[PDB]
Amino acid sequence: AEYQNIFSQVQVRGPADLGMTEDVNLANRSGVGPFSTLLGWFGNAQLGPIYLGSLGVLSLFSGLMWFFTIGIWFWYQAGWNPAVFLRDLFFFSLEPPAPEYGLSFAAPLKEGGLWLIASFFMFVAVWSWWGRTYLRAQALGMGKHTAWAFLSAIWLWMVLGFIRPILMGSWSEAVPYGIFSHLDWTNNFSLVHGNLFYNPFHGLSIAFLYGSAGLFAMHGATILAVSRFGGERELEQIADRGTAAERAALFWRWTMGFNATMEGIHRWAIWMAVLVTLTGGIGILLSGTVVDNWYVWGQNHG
């Protein structure tokens, strides 16, 4: 029956694409990786090159050290037994200092210190990764939308691990490094603050999260539905509207009575998504600092 353009029917390949140069320091790009036929049924087949300057190396080193600091704690908890390591992989946890240490760096390695070391490394990893989203855009002459968007995610992360603990006066308020323990932490956080369903910033955050899935389902579906007219060549449809862009607009105008443009849909998109962690971070930051119990706060409207 009719082809739907979810998977390609025919792949083509040419010389490896080394990319645009603009102001980029080419000494810092790798060469290309292998080509994946598997990937190429769905997206691009080509892997690499990647850019790896000084910041990139810092970020990668630091991130690896975060990960290895956690893994070494896990091996220790496992009694160095590989079988126990795998059995209990989701149950291990690297936990922040107890509340008595406050915001001090004085806790022993086994009882908080190591959590701080792992966290310091994460902090360096993420923030240098952020500088990299700015700098890779800059070198190509591009807008800074990616770094601005990434900063909204960073906001929630910073609130959870760093800003909220600092304002509560202890590192014991921060999230532990573990699969199951971080979920326990999340449940507990809600119970302790009177159920996050009553936090209006949490309800907004959900609305944006669900809204992101609705919008990407809508938008992804829409582009695919007009890919028979070159719809996914969005930058040229912006520069020079074609029938793809018109049919897409009108689908929505006819369905729900209004519609986007090829550029503006991307503005609806970026904001729908960044409002998730934006509202989210606010909600969490206010919890325990200003509002101890959201049910109670909600009974008072204020």
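Residue numbers run from 1 along the displayed sequence.
Undergrad: Using only C-alpha atoms and the B-factors in the entry, which stretch averages higher, 137-145 or 69-77?
TA: The deposited B-factors put 69-77 ahead on the C-alpha mean.
Undergrad: Would 107-115 or 154-162 have the larger average of its C-alpha temperature factors, as given in the entry?
TA: Taking the mean C-alpha B-factor of 107-115 and of 154-162, the larger value falls to 107-115.
Undergrad: Check the PDB entry and point out which of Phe208, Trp130, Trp185, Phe85 has the largest C-alpha temperature factor.
TA: The listed residue with the largest C-alpha B-factor is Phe85.
Undergrad: In terms of recorded Cα temperature factor, pick the maximum from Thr261, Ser59, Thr243, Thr255.
TA: Highest CA B-factor of the listed options: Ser59.
Undergrad: Going by the entry, which third of its chain does the Cα temperature factor of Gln46 land in?
TA: Middle third, going by the recorded CA B-factors of the chain.
Undergrad: Can you work out whether the C-alpha temperature factor of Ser212 puts it in the lowest, middle or highest third of the chain?
TA: It belongs to the lowest third of the chain when residues are ordered by C-alpha B-factor.
Undergrad: Please place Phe189 in the lowest, middle or highest third of its chain according to the CA B-factor in the PDB entry.
TA: Bottom third by C-alpha B-factor.
Undergrad: Going by the entry, which third of its chain does the Cα temperature factor of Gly280 land in?
TA: Its C-alpha B-factor, which the entry lists for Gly280, ranks in the lowest third among residues of this chain.
Undergrad: Consider only the C-alpha atoms of the modelled residues in this chain, order them by B-factor as the entry records it, and name the third containing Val175: lowest, middle or highest.
TA: Ranked within chain, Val175 CA B lands in the middle tercile.
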